[PDB]
Amino acid sequence: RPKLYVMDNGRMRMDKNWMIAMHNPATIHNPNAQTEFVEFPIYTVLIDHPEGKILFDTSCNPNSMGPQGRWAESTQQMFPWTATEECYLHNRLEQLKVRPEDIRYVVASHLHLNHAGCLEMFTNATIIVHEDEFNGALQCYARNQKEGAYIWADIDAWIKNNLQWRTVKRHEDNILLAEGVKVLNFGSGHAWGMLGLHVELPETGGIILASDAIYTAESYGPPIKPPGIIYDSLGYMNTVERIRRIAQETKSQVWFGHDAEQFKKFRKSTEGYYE
Amino acid sequence: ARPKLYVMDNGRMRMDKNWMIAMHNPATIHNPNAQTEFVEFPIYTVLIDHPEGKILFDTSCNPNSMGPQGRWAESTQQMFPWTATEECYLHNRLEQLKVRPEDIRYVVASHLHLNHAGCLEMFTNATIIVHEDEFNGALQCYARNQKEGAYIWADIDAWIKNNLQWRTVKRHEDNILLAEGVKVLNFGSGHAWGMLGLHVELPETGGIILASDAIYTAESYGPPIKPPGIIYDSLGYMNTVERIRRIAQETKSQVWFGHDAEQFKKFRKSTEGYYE
Ligand SMILES: [Co+2]
Ligand SMILES: [Co+2]
């Protein structure tokens, strides 16, 4: 009988237009419309499963922010991450008496700065990632792109730590990872290659981890309100509607990438778990 | 074999620059409340007076678009205000060239947005060439009684009532040779559901590509490409821009953007002359 933990990995801020495109459009009466700098949670999920511990997303690297940080100053200033040491992934796991080395599977929803930050920790895991996302991030690396949402220093470490990669092929079916745990191949949308998770918990029932395939309940609607951070608009719309169908058909909850209200309600790792 | 191409000034529009250039000015830690700008841009149409028959690219906005009594919804008028003196109305521009709507053989609708398809209803004697996916999407807006957005219900109503003669460009259809040196380019989905361009080969001026809203401005075009906020198919949009770039390179054509203010300034308008 698995136990699922929600781990609080701090907070990030950014232009609300990244989150919800064209939220406050200029008008003839408000020609100089202003945006907001909204705050949202970064979190990860540990599924402690008989067949092996599964980790979904990894938040940000502890060495991300500041003048000796891995993130470019441009990135630090557009997407600032605020976190106490207790929020650091290694510490959240430590609190749960789980060692990095105990993780069998890490599912990378995508390789953005606030999701792939600590991949490098898990040298004993199989890292599951969409092949298109992997290819895209590696090109950023090879092209020496030191700005944007893909952190050169993070990728550098993934390679140096000799991580064990399992790429989900573009046209690959869902992957049964363990009893009641399936990796969903969302494909291109928010990013080059998005992965989700369906978890069937004996008590709680069905859970869909959407990650950045759906930022918030506002994104979800209906109607859908798409983000400014977006690669494949058609694929993004398709993915959201596909999630809506799966949720309906499997009677699952949809856990968004960073819904403040929803995260608030979650039972965090410090208080307990889901079963 | 020896045409005259005219650029017709059909007024100005204003809108949030974020529509034009996606996330042009993002907020940061030390500028959290970054503000946008209401940017003005030209609306124009192109008449190709060709021996085989007159060809019109785009139709601007309907004369009865703006105002309390206007066809455009309030919310639309506020976000996308059109300002035009009577001189700017397409029917007047054509008149000052001694061209009647009835003389137009073909209208090419780049797409069916408010500032491109506003005067389709005038050309009851023409074949209206439009992308089938754009036509389908617009008709759905109509049938769904959608009153707000960039597809004007009252305009579509008029197209149907005036019994326009339609020639849809199929999704996988090759370019169309409308006339000697005039090809309809099938750009497919991107900015909108179905985009059409034009390649014109003029004896003197050489090659011209009318991109319309496939490329808003030189800023859009880059490199680097800066996509718009008004977008349907991001991947298709990017594909189309790069395709236009290649065609321009290989055919040595100028690229005429949808609404580039600087380029528009440089144009010889219909009050001054034409391109041969
Ligand atoms: Co992301
Ligand atoms: Co348009």
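The paragraphs below set out a description of the structure included in this document.

As a further point, take the pattern of salt bridges. Within this structure, the stated rule accounts for 26 salt bridges over all chains. A salt bridge links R70 of chain A to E120 of chain A, with the shortest nitrogen-to-oxygen separation between them at 2.7 Å. Here the residue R70 of chain A occupies a position in the loop between β3 (53-56) and α2 (73-78), and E120 of chain A occupies one in the loop between β5 (103-107) and β6 (126-130), the gap between them amounting to 50 residues. The exposure class of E120 of chain A is buried, given its relative accessible area of 15%. A salt bridge links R12 of chain B to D9 of chain B; its shortest N-O distance comes to 2.7 Å. Here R12 of chain B falls in the partly exposed class, since its relative accessible area comes to 24%. We classify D9 of chain B as buried; its relative accessible area is 12%. Via salt bridges that share partners, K16, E218 and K225 of chain A belong to a single interconnected network.

Residue and element names in this part refer to chain A. In space, the seven strands of this open sheet follow the order β4-β1-β2-β3-β5-β6-β7, with mixed pairing throughout. Because the sheet does not close on itself, it has two edges, and the strands there are β4 (81-82) and β7 (164-168). Bridge count between β5 and β6: three bridges; the pairing is parallel. Note that in β6 the partner of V107 across the bridge is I128. Along the sheet face, helix α4 (residues 131-142) touches β6 and β7 and points at about 90 degrees away from the line of β6.

Residue and element names in this part refer to chain B. Coordination of the cobalt ion (ligand 2) by the protein involves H111 (NE2), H113 (ND1), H191 (NE2) and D213 (OD), with metal-donor separations of 2.2 to 2.3 Å. Every donor counted, the four donor atoms about the cobalt ion (ligand 2) form angles of 88 to 167 degrees at the centre, which fits irregular coordination. As a motif over one chain, the donors of the cobalt ion (ligand 2) read H-x1-H-x77-H-x21-D. Here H191 lies in the loop between β9 (182-188) and β10 (195-202) and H113 lies in the loop between β5 (104-108) and β6 (127-131), a separation of 78 residues in the sequence. Overall, the relative accessible area of 7% leaves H113 in the buried class.

A separate point is the coordination of the cobalt ion (ligand 1). Residue and element names in this part refer to chain A. Taken together, the protein ligands of the cobalt ion (ligand 1) are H110 (NE2), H112 (ND1), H190 (NE2) and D212 (OD), with distances of 2.2 Å. Each of the four donor atoms around the cobalt ion (ligand 1) contributes to a set of angles spanning 87 to 165 degrees, which defines the coordination as irregular. Residue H112 is classed as buried on the basis of its relative accessible area of 6%.

Axis angle and axis distance: for two packed helices, these are the angle between their axes and the distance between the axes, and together they describe the pair. All names here are of chain A. Following both chains from N to C, one finds α4 and helix α5 (residues 152-160) inclined at 105 degrees, their axes separated by 9 Å at the closest point. What the angle tells us is that α4 and α5 run roughly perpendicular. The segment α4 lies against α5, with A137, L138, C140 and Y141 engaging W152, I155, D156 and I159. A class-by-class count of the residues in the contact of α4 with α5 yields seven nonpolar, no polar and one charged.

This part covers the interface of chain A and chain B. Tallying the contact residues gives 24 residues for chain A and 25 residues for chain B. In this assembly, chain A packs against chain B so that about 2300 Å² is buried in total across both faces, 63% of it on carbon and sulfur atoms. Summed over the shared surface of chain A and chain B, the number is zero salt bridges. Summed over the shared surface of chain A and chain B, the result is 11 residue pairs in polar contact.

So, how was this worked out
Residues numbered from 1 in each chain as written, not as in the entry; some residues may be left out. Chains lettered and ligands numbered in written order. Heavy atoms only, no water. Salt bridge = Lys/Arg side-chain N within 4 Å of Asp/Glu carboxyl O. Helix = DSSP H or I, 4+ residues; strand = E, 2+ residues; numbered from the N terminus. Buried < 20%, exposed > 50% of the residue type's maximum accessible area, 1.4 Å probe, protein only. Pairing = 2+ DSSP bridges. Contact = heavy atoms within 4.5 Å. Axes fitted to C-alpha atoms, helices over the stretch in contact; angles between N-to-C directions. Donors = N, O, S within 2.8 Å, 3.2 Å for Na, K, Ca; no water. Tetrahedral: all angles 85-135°; square planar, octahedral: opposite > 155°, others 65-115°. Parallel < 35°, antiparallel > 145°, perpendicular 65-115°, else oblique. Nonpolar A, V, L, I, M, F, W, Y, C, P; charged D, E, K, R; others polar. Buried area = accessible area lost by both parts, 1.4 Å probe. Polar contact = N/O pair within 3.5 Å; in protein donor to acceptor, adjacent residues only side chain to side chain.

Everything listed here is a matter of coordinates, which is why it stays silent on function.
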